[PDB]
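Heads up, the thing below is written out as structure tokens.
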Amino acid sequence: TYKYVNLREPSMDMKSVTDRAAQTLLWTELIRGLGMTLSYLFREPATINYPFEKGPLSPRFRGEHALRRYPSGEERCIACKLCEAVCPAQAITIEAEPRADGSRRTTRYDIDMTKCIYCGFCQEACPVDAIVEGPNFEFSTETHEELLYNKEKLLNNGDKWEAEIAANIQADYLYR
Amino acid sequence: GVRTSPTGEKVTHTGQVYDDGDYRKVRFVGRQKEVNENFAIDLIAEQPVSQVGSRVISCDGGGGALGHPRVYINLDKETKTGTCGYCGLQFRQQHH
Amino acid sequence: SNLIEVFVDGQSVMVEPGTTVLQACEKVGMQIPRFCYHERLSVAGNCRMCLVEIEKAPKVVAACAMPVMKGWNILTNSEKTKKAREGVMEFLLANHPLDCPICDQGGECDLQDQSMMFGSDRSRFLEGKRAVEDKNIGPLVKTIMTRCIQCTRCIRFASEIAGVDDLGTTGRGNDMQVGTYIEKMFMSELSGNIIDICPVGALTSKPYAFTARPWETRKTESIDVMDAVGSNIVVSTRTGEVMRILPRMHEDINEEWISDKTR
Amino acid sequence: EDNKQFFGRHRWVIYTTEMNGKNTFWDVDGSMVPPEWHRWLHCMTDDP
Amino acid sequence: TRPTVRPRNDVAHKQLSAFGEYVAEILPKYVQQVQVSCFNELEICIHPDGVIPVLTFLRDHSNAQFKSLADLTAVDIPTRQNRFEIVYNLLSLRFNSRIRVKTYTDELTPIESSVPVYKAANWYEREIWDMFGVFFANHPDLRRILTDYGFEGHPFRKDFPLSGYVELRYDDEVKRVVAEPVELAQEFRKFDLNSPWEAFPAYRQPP
Amino acid sequence: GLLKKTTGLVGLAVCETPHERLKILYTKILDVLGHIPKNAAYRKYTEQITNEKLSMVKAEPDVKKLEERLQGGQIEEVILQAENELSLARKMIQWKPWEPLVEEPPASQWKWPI
Amino acid sequence: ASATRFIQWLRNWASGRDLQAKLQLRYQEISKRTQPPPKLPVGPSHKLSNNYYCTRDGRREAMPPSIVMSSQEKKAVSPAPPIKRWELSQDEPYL
Amino acid sequence: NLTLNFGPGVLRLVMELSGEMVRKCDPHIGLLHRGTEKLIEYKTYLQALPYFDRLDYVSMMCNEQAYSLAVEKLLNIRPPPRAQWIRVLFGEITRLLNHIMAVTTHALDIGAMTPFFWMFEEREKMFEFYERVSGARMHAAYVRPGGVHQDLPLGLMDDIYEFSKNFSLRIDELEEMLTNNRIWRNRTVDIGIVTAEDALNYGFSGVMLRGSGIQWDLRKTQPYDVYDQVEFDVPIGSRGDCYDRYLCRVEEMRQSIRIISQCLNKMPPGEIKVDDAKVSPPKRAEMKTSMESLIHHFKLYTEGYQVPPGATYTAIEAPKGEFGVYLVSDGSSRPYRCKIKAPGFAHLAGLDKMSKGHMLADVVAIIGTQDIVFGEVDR
Amino acid sequence: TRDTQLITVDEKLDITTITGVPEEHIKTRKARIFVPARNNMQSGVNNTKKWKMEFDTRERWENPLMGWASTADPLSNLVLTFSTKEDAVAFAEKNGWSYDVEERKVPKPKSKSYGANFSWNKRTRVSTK
Amino acid sequence: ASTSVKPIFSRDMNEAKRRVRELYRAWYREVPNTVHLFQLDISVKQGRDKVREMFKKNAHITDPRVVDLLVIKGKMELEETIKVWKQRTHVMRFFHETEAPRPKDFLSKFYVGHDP
Ligand SMILES: CCCCCCCCCCCCCCCCCC(=O)OC[C@H](COP(=O)([O-])OCC[N+](C)(C)C)OC(=O)CCCCCCCCCCCCCCCCC
Ligand code: SF4
Ligand code: SF4
Ligand code: SF4
Ligand code: SF4
Ligand code: FES
Ligand SMILES: [K+]
Ligand SMILES: [Zn+2]
């Protein structure tokens, strides 16, 4: 099924020809366009008062990265390198070795936040919910070096955003 | 835990610290070295061993689907404690 | 002259007497699934992953061990063959631990890759799994024996190639365990080769533990210089570092084994 | 909060005039909102 | 029917097979192979001399009316003598069908430009020359389209390194952007992902 | 009946005598196909479909009812396709695409996967 | 929604429409940002019997292309029947 | 004549002007060529998915859909019915996102700035639908071979209904500013006229074909997903100029609301990705309890699923025209070749023809009416 | 049968000048044409079917900032696949590269007999199953 | 049979050499315009030396098809320069004014690193 957008024959009776002459001479349809912008002047603007107000987000938002812990304080990551294999941008670099107690843990865990495309595949791939993308989106830096995160930065983000990262995972894990 | 080498520089939980004559220490002049003060190797050692009454126990890290894959830990050996390969919680059998 | 004609999916192939169904399929480029069969160890026929249908035969035969008879038509892709593999793979994964992320074999596991290609895509095992005690057989081979699939490759290698009858099966039924029974170190000059033949993460390399995943290593084919045998090796590197040394096949020099010093 | 305001303006934060030793009377910043309130202020939840 | 398997359209598979023979009979001088895939796509493989005849026939014939060139691209297969493979995707609006026409060339053999048949092939052939180095004879205006001016090589060839041979940089001594040999602070890590177990026996090749 | 005011397609003018133009073009096509060898598949097929369309032009004087038979869109689109068919027939004589295959491809030219 | 009645009339007149019925600013008529937990269903393959993968393996049913003509009287045909002519919409034929 | 260098997506026009008239227009592209098609050869099929969000970065989920349809075709698997309805739902929301950008930035370029701000307050509300399903405002990567990543969050369909209940009024406000405006008409009427036969021979698609009366739309001639279970009308132009194409896009926005009203009422229950763990990853609650599910999660995210060898050309009716990928598989986990057919690549190549006998200021109108984004032209 | 004029060129195909490769990476590189060895950790043989062409490994050093693995070799990740050995040598010769070719190593056939495990008078008898 | 190959423009080296000289004349006449138009700091002598060096690199070719491609690419390169599609940076990429001289002898290469 199709419809025509601009297939019309204007009427040629003197009533209609004089209407179009009035529009041409009296600028009637241009003034009608001024009435549409006059109405907006008297509406409430959609602007929010950032930074005192913030735009709404959801529990699924993908922001700054963070490495999480178990409730005991043990790191969740067991250096399986699934996030490093799936990362479409190759932004994750991992080195691991047995820990002093024999556990499988990382010695290097860097995310180049300038290669990362903030896609979330790393948290989908992770089998222990170690690497997540948190809700923070306000971490712009003054240098390129501050955006090459290492394991210490990522563990500091996790200890900094656990209160809010845990709540978001609680509100979305049933959809995963 | 967090310790400082004989130059004032903190040592990370991986054991990393610049030698006394490493030029790479200049990056911390006027700035700081980021170290996490919550060493996980120490914290996991503070967890008491769980006393269970069966040969085989299962661990999912707590939280069901929010934990880690469910593994089963054998407890026959009475000289050591069965440790979880994912989360580090230790388990022992009830005196038999 | 003395060759006999058999068929693989209808294609004719000429094979010598005593050739197995598994070896007949190789000649046409078909590799039957396997866990317990190794071409350099004796035949065992216990994993049952090589079951294949023979046309007109009600009962599936073990390809690794069944000699091929004249005129047989081997159906390597029939529904009966495909159901046989899914059934065996289902049993093989029933008691297996969910250790793939923490298992050093992940990414190069013959149990993972034959589950993706020949097994089913989901589980219907609602019971509790079986866990077993870990043996300590030395400073080279790390044993996490909950992952063992009772294939007996290590038993046959330690006995027939290394000439050390220190590994065996203790127990019976679902409690059958592979090990030394007593606390004994498996220290032979060829001991490290049980890491390779073991298809699962039960036997892994202790020096290499947790250091890399197979997909990220670059493979450089080189020659061992630790002795005068000139064994062919593969040097696994990653980001400019040497991660491990694996044997490289050479029928005339070292086959697929290397000594512990080389490894 | 003021639930008669249109969505997006119904929650706001009046920042503190001092935080961690920094004078924030004029120099407020969006990163001064702690995580517990960061979830409520961005409407990721209805529970303060 | 299985909920997870793509359903088969046998009616359209028979129509496309019949038209493939139709084209194979009307133009025997060029057609080398005709085939229809399990998802109902028809490929006509031709000798490169038959580009203008075959394409004009498909555009103008009354039972073809393939009046739209959906796409024109190339594939590099280094193991063939004629590594490059020129693929023409055509759309018929009269018969609501699509046909694919494939030919071949190498580094030094040119392929007759199809701008006379489909005017859309102008830029599509500038991109094949720019990215693969195939030369098209009698092209009205052939030159690089996507790559940088003075760029050396053909990036989409299989033997061209992913990161190239030169990288740009601003140098304050000469007060201009310069080009220097490529150095990477982190090398592109190479992953060997292929499994050593065969996946699709239906496509197995004879030994 | 009543001549259409427009064809809907831009640049495709209305033809006031569709039947006359079609018989001229189909007859021209059949004349040109006479120069192609009889064994040629292009001649046998092109004549078969050309006659069917010509046999339908000399069976229905109603333009609106002729379109429903030809199933080629508006009658101005049929004429344009007839012109394209004629232009191809003249071009096929020069090409002669009924001769044997010029050259078979290399051994593995069309083998995929490699 | 806080506009006085005079301003509502002025904006409604200038735009020639009743804007108060369709506001571009969202109010309480939006979903609550905290929702009850879901319980999502499972697909047709979640069964404990009659569910062998070889009977629902889509990838293994794909075949290599069929060669209808390889170099190594009969009625003419087209790629498919000619496309059926479209009909005008009875909802709104002309805009 | 006079040769000028206009430009600083980012484009470079090398125009030859005889006073006020354009004699030849010579677009220079590649200012945003990034080697997407070569990079995809080093990625798995899942890793290549985010690359399609970034080709036409105004119609993100339609690019994802075309790639998924191509991979699903080579896999020989079928997404479940609910996933298809979701894809059509967000395919039509994505059409609104693109048409707002196309119409309003087109108007902004020719001096009409106000409608851009009105309709970008509706895009900001449609970006909230993207963010609530995927977590990213623009590059969702939500549509994947096999279906969609996650199911809709509870309450999202009520908010889609509230939005669509008011969007018709917003289009009327747009039309009150442009459709009958004599200044807007003088900038678009009889500008860039393309004949039907030239449109086909130059490889045009979408409103470029339909603005000139050609009755073609892949959603109706070659339907995909569940587009054959929705009722909508295809707008058709008569003059073939910029003004007729402008009306086609504005009417298509109204028909998207018509389709969206049906995807909300006809949404079925069920799963949202193919129940085949060898293609789509298992649920996280079963990857942590079943051995088979853990092996398949491990392999799908490290190696990826192998696609049977073959080559397909799959196309969809993207908002900008026919968008398609010629995807070649060698039987491994990584595509051997992925040519991306961007509709704006053929349209831009026709700028030289469409600009014959027009003023320099009509080139801006012509480029706007082709709806060109140089992420997909350059790739 | 081709109605197009052809010519005769008796010289070996050499495209080194029309490929854009810097001369450093044509003359000083050593291509290696080989069939990859089976990964010894697995029994599958599907990665030992096609010929490969890799180049000589060069220096990888440590990035001073992060410790990453830097490289100045543009060909470090280049791997080409060929159906036959001749196709591989043909491609290296016309690009001017110097190559070493290693012949395929197929595992020789073996005599497997399950009955030998229970021999009456031979050492093939196995002490366990 | 085997050596029968379709040509591009030339049928033998004599025809190909004609195109090479024509291209050389076109480049030689153009260098003064490029130096003035792009405000390059090189001299016309340096520019014409660079053209000669580029031509002499490909003086060992004896395949007419390879020569035709070299001329076809050269003509495109000249077009980008005459029409000022190139910028001052692209023209100055033939001179490598910022790359430090790489060592040529064995001892110099032995000290710096491992590359031969
Ligand atoms: C018995 C007594 C007899 C006395 C004489 C009677 C006189 C009768 C009336 C005379 C005719 C009326 C003339 C009106 C002016 C003509 C305008 C015109 O030419 O239109 C055609 C022109 C051209 O129209 P066109 O583009 O359609 O082209 C017409 C001609 N063709 C089609 C052939 C090309 O239109 C315009 O003027 C464009 C207007 C652009 C301005 C946009 C801003 C408008 C915003 C409104 C501002 C309101 C201003 C108020 C200022 C107040 C200040 C205090
Ligand atoms: S979000 Fe995507 S690109 Fe970023 S680190 Fe995770 S997987 Fe890599
Ligand atoms: S973050 Fe998760 S996926 Fe990545 S290595 Fe650690 S456990 Fe594995
Ligand atoms: S042996 Fe294989 S299947 Fe078992 S846990 Fe290790 S990688 Fe996974
Ligand atoms: S340890 Fe390994 S090789 Fe030995 S029986 Fe178990 S699975 Fe087989
Ligand atoms: S391989 Fe035959 S039973 Fe194990
Ligand atoms: K092992
Ligand atoms: Zn645990």
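Lettering follows sequence order; numbering is per chain, from 1. Side chains included, hydrogens not; waters and symmetry mates left out as well; all remaining heavy atoms used.
When I:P107, I:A116, I:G115 are compared by the number of non-hydrogen pairs under 4.5 Å with chain C, I:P107 comes out ahead. Between chain C and the options I:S113, I:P109, I:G44, heavy-atom pairs under 4.5 Å are most frequent for I:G44. Top candidate by heavy-atom pairs under 4.5 Å with chain C, chosen from I:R32, I:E54, I:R123, I:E102, is I:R32. For the options C:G18, C:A65, C:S42, C:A44, heavy-atom pairs under 4.5 Å to chain I are most numerous at C:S42. For the options C:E16, C:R40, C:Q114, heavy-atom pairs under 4.5 Å to chain I are most numerous at C:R40. Across C:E221, C:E255, C:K219, the residue that shares the most heavy-atom pairs under 4.5 angstrom with chain I is C:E221. When the candidates C:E160, C:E256, C:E108 are compared by the number of heavy-atom contacts under 4.5 Å with chain I, C:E108 comes out ahead.
With a 4.5 Å cut-off on non-hydrogen atoms, C:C64 does not touch chain I at all. At a 4.5 Å heavy-atom cutoff, the contact between I:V126 and chain C is made by side-chain atoms alone. Only the side chain of C:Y37 has a heavy atom closer than 4.5 Å to any heavy atom of chain I. When heavy atoms are compared at a cutoff of 4.5 Å, C:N193 does not approach chain I at all. Neither the backbone nor the side chain of C:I32 comes within less than 4.5 Å of any heavy atom of chain I. Contacts of C:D165 with chain I are made by side-chain atoms alone, with heavy-atom separations under 4.5 Å and no backbone atom involved. Neither the backbone nor the side chain of C:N46 comes within contact range of chain I, judged by heavy atoms closer than 4.5 Å.
Side-chain atoms of I:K112 never come within 3.5 Å of backbone atoms of C:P67 as a donor-acceptor pair (strictly under, hydrogens ignored). Within the 3.5 Å criterion, the main-chain N or O of I:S43 finds a donor-acceptor partner in the side chain of C:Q31.
Crowding of I:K30 atom NZ: a count of heavy atoms from other residues, nucleotides or ligands under 6.0 Å exceeding 12. The number of heavy-atom neighbours closer than 6.0 Å to NZ of C:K184, taken from other residues, nucleotides and ligands shown, is 12 or below. Crowding of C:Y181 atom OH: a count of heavy atoms from other residues, nucleotides or ligands under 6.0 Å not exceeding 12. In the displayed structure, C:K206 atom NZ is contacted under 6.0 Å by more than 12 heavy atoms of other residues, nucleotides or ligands. Shown here is I:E62, whose CD atom has no more than 12 heavy atoms of other residues, nucleotides or ligands within 6.0 Å. For CZ of I:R104, the number of neighbouring non-hydrogen atoms (other residues, nucleotides, ligands) closer than 6.0 Å is greater than 12.
If you take CE on C:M249 and NZ on I:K105, they are separated by 8.0 Å, rounding to the nearest 0.5 Å. One distance of note links CZ of C:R156 with CG of I:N117; it measures 9.0 Å at 0.5 Å rounding. Between the CG atom in C:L246 and the CG atom in I:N39 there is a gap of 6.5 Å [rounded to 0.5 Å]. In this structure, CE in I:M41 is found 7.0 Å from CD1 in C:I195, a value given to the nearest 0.5 Å. The distance from the NZ atom of I:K110 to the CD atom of C:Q23 is 8.5 Å, given to the nearest 0.5 Å.
In plain terms, the two heavy atoms of C:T220 and I:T57 that are nearest each other are OG1-OG1, 4.4 Å. The two atoms that bring C:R248 and I:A37 nearest to each other are CG-CB, 3.6 Å, heavy atoms only. Shown here for C:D113 and I:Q42, the closest heavy-atom pair between the two residues is OD2-NE2, 2.7 Å.
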Candidate pair C:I155 and I:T128, rule side-chain contact (heavy atoms from CB on, under 4.5 Å), full reasoning: CA-CA 8 Å; C:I155 291 160; I:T128 190; 3.4 Å; yes
